[PDB]
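J.: Output the structure for:
(chains A, B, C and D, ligands or ions: 3)
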Amino acid sequence: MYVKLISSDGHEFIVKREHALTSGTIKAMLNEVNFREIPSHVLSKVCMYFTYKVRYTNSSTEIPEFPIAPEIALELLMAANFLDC
Amino acid sequence: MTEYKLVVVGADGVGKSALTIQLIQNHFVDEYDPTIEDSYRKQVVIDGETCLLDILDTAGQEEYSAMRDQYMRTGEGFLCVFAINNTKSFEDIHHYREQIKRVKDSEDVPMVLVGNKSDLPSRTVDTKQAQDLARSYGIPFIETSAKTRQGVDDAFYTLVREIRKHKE
Amino acid sequence: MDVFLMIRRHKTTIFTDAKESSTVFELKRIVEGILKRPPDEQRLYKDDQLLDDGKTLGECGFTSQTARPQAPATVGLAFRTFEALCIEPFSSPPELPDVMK
Amino acid sequence: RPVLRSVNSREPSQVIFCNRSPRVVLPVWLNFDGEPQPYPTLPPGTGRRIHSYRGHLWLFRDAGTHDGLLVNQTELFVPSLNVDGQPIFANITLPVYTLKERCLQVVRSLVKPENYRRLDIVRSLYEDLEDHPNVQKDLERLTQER
Ligand SMILES: CC(C)[C@@H](C(=O)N1C[C@H](O)C[C@H]1C(=O)NCc1ccc2cnn(C)c2c1)n1nnc2c1CC[C@H](CCCN1CCCN(c3nccc(-c4noc([C@@]5(C)CCCc6sc(N)c(C#N)c65)n4)n3)[C@@H](C)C1)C2
Ligand SMILES: Nc1nc2c(ncn2[C@@H]2O[C@H](COP(=O)(O)OP(=O)(O)O)[C@@H](O)[C@H]2O)c(=O)[nH]1
Ligand SMILES: [Mg+2]
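T.: Numbering: from 1, shown residues only, chains lettered A, B, ... in the order given. Ligands and ions are numbered 1, 2, ... in the order given. This is the structure:
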């Protein structure tokens, strides 16, 4: 099963349902979820965190650092605060 | 006039007090109170340099308080002494080095392994065992006898040189 | 072993994972289950390189070092003549505040 | 009184600290009264054979920022007795931080605390930025989660 996430600028991000449930706010709402508060370059980064979380939670290998460019840090912080992830 | 703070540690009865009194007062004490801990100062010429040696002859029961931790933290070099006729004293060396590493917040602390009472025939710890232990620690191993004065000056002067190499 | 990708066409981005040994055709079947288009009507790209169905993903250039969960590799997708590859760019972050240097 | 404390077992236990994280690890030992006691740090990718005791409690933090870290996939490490002298391994890694906490870390590392409130964010996040990682507070949370 997959979930479709719509950014505020109309980009469509299709992610595995289990990946989207990492967000508390998406979990509460739940096939398609529209976000007027997250642009595409931020929501794309958010989806990278989703696969990162599901891959490395309870991982028996070492966990790499999640990278965050300074230019996206402030907007990503607001998104994560809104998504509860 | 440079000063070197030396601390002599090891199990009770290994010869810490006898080694120290032999270095400063140049005589062998047959029965020094196992309870008296004191510091001794001596002006010595080591490799042409006149130094003040501040030797702590530790004694008493264990105490893992902040105050005793800090007291030992001030020592720049440690003489870890065991007796060749006492296996337990050799087995305790690991614990003494571990506590030195903890308070010095480092694993590269100037120290010398000392096998005392080398004048006694009743050996229970082999010199090869001590050489191997010293090699794994990366420290010199010196065989001493406070009674015959064997290696006594060498043990203390080598610890001073280990501090100098560490101070550079 | 596992490579993490984001397959992009126009304003659609698919976050999925695959095995480094899996082939390009097998990745088109993954897209089929999502976008309801058969592999015969899909063209996959790595940058501007048309990917041959028979080659594995590793042989195309997707490796664990370059296709990480936190940094997936981009795979362009075209649907059928075949259309020219078109990837609509994401939005842009604002200028970095001076308090952030 | 504190539940999270070391047991005074006095039974030695050989342990290997292994920093498999990109951070400088601050090993923190909870003494017999539950107080945190810092130990020498581990640069990234470094191992160290340490001398501990049975029933002693350990946690690991970022030496510079006190960010939380995991040991053997969990928050705390308690070595037991060695079986046939083989050492007990402690694999220290990053956790999977929440995206919000990872963002807080990156903003904390870029902005100076005086200029925290000069950012174009919500006032709620101004408090989250100033709420730096805290070992004593994490002990309260772990005590209650028990
Ligand atoms: C109380 C704590 C020290 C603690 C402990 O060790 N921990 C807590 C965590 O588990 C980790 C572990 C630890 O730190 N590992 C060392 C270490 C080092 C580097 C690194 C780097 N990273 N890491 C994580 C590191 C960890 N702890 N918890 N339980 C116990 C202890 C301490 C030992 C207790 C059992 C001892 C029983 N003895 C009775 C018989 C005779 N014995 C004896 N008799 C008289 C005196 C002494 C003695 N020993 O040292 C000293 C000196 C003077 C010399 C020297 C410097 C200091 S400093 C100080 N205060 C001293 C004193 N008095 C000394 N004299 N010894 C000895 C051999 C055994 C059981
Ligand atoms: N044969 C011999 N006996 C020693 C030597 N050093 C110390 N002793 C004896 O070992 C006993 C304990 O020595 P002591 O100085 O009290 O050691 P401490 O308890 O570590 O300070 C004393 O009765 C000494 O006479 C040595 O080098 N040779
Ligand atoms: Mg004495």
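
J.: where along chain B do the helices fall?
T.: B:16-25, B:66-73, B:87-91, B:93-104, B:127-137, B:152-166 (DSSP state H).

J.: Pick the most deeply packed of those helices.
T.: Neighbour counts (mean count of other Cβ atoms under 10 Å in any protein chain shown) averaged over each of the helices of chain B peak at helix B:16-25, with a mean of 22. Any C-beta I mention is one placed from the backbone N, CA and C, and that applies to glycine too.

J.: tell me, what residue is most central in chain A?
T.: Nearest to the mean C-alpha position of chain A, by Cα atoms, centre = their mean, lies residue A:46 at 2.9 Å.

J.: Tell me who's in contact with the residue lying closest to it once chain neighbours are set aside.
T.: Once flanking residues are discounted, residue A:46 sits nearest to residue A:79: 5.6 Å by Cβ to Cβ, 6 or more residues apart in numbering or on different chains. Contact partners of residue A:79, counting by Cβ atoms under 8 Å, 6 or more residues apart in numbering or on different chains, are A:37, A:38, A:42, A:43, A:46, D:99.

J.: Point out the residues in chain D that sit beside chain B.
T.: Contact residues, chain D versus chain B (Cβ under 8 Å from any Cβ of the partner chain): D:39, D:40, D:51.

J.: Among the residues you listed, name the buried ones.
T.: D:39, D:40 (16 or more other Cβ atoms under 10 Å in any protein chain shown).

J.: quick one on the thing from earlier: I'd guessed the residue nearest to the centre of chain A sits against residue A:40; true?
T.: No: at 10.4 Å, residue A:46 and residue A:40 do not qualify as touching, with contact defined as Cβ atoms under 8 Å.

J.: In a strand, the residue nearest to residue A:46, correct?
T.: No: using DSSP: H, G, I helix; E, B strand; the rest coil, the secondary structure at residue A:79 is helix, not a strand.

J.: quick one, domains of chain D?
T.: D:12-93, D:99-143 (CATH domains of a matching chain).

J.: now those in CSV, with distance to ligand 2?
T.: As requested, the domains of chain D are exported to CSV (distance: least, Cβ to the nearest ligand atom, whole Å):
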stretch, distance to ligand 2
domain D:12-93, 23
domain D:99-143, 40
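
J.: I'd like to know which of these lies nearest to ligand 3.
T.: domain D:12-93 (25.2 Å; Cβ to the ion).

J.: does chain A sit close to that closest one?
T.: Yes: contact of domain D:12-93 with chain A (Cβ under 8 Å from any Cβ) involves D:20, D:21, D:22, D:73, D:93.

J.: burial of the fourth one, as a residue count?
T.: Translated: residue D:73. By other Cβ atoms under 10 Å in any protein chain shown, 13 other residues sit near residue D:73.

J.: What of the first one?
T.: Neighbour count of residue D:20, defined by other Cβ under 10 Å: 18.

J.: Tell me how far residue B:69 lies from ligand 1.
T.: Noted for residue B:69: a distance of 5 Å to ligand 1, by Cβ to the nearest ligand atom, to the nearest Å.

J.: From residue D:84, how far out is the spatially closest residue to that residue that is not a sequence neighbour?
T.: Distance criterion Cβ to Cβ, 6+ apart; nearest residue to residue B:69, sequence neighbours excluded, is residue B:103 at 5.0 Å. When Cβ to Cβ, to the nearest Å is the yardstick, residue B:103 and residue D:84 sit 31 Å from each other.

J.: From residue D:44, how far off is residue B:75?
T.: With Cβ to Cβ as the criterion, residue B:75 and residue D:44 are 31 Å apart.

J.: Look at residue A:15 and give its secondary structure.
T.: strand.

J.: isn't it right up against residue A:21?
T.: No: in this structure residue A:15 lies outside contact range of residue A:21 using Cβ under 8 Å: 9.9 Å.

J.: who has more neighbours, these two?
T.: residue A:15 (25 against 16).

J.: That one bridge partners, please.
T.: Beta-bridge pairing of residue A:15, defined through DSSP bridges, involves residue A:3.

J.: Can you give me the neighbour number for the residue in chain D that chain C sits nearest to?
T.: Nearest to chain C, among the residues of chain D, is residue D:115, at 4.2 Å (Cβ to the nearest Cβ). Look at residue D:115: counted by other Cβ under 10 Å, it has 13 neighbours.

J.: out of everything not next to it in sequence, what's closest to it?
T.: residue C:99 (4.2 Å).

J.: cool, residue D:46 as well?
T.: residue D:19 (5.2 Å).

J.: Over to residue B:11?
T.: That would be residue B:89: by Cβ to Cβ, 6+ apart, it lies 4.1 Å from residue B:11.
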